[PDB]
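Working notes for the structure below.
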Amino acid sequence: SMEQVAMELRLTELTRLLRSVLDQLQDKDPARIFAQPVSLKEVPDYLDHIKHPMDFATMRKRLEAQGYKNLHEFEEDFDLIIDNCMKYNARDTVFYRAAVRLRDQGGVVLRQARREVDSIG
């Protein structure tokens, strides 16, 4: 149907906006601490600690399958990145501190993305 097509065009445009948001967020992680999944070879107990692991590569795979239906979904996955790190790692670590910096800096980007997703509908 034409209605299905139009819904597909909206999903595509959302996907374009989210790809730009994701690039912007990832620039706030210049050390690439959150680029890839935590390795189970190197942290074999990770899944005893963290139930829903997340990372930028995994988000990117989801995005390119047009797997985010709305910004809420995407923000959920970004928040998991930060929130998992701040539970697994102690306050006095380079990991935790990088998460705090990513959260603070990413908040600015997401504040305006919310206005763009509403605005362009």
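Here the sequence shown is numbered in the entry's author numbering, starting from 22 and rising by one per residue. Beta carbons are placed, not taken as given, at the ideal position from N, Cα and C, and that holds for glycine.
Around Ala119, the same chain offers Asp50, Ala52, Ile54 as residues with beta carbons nearer than 7 Å, after the five sequence neighbours per side are excluded. Distance between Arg83 and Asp98, taken at the CA atoms: about 10 Å.
Short of 7 Å from the beta carbon of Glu137, and not among the five residues preceding or following it, lie these beta carbons of its own chain, in chain order: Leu38.
Contact check for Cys106 and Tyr117: beta-carbon distance about 6 Å, within the 8 Å limit, so the pair qualifies.
Here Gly128 is exposed: its Cβ has fewer than 16 other Cβ atoms, across all protein chains shown, within 10 Å. In this chain, the alpha helix (DSSP H) harbouring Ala120 covers 115-140.
Under the three-state reduction of DSSP output, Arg112 falls in the coil class, being neither helix nor strand.
Counting of Cβ neighbours within 10 angstroms places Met28 among the exposed residues, the total staying below 16. Under the three-state reduction of DSSP, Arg31 is assigned to helix. Excluding sequence positions up to five before and after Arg40, its CB lies within less than 7 Å of the CB of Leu84, all in the same chain and listed in chain order.
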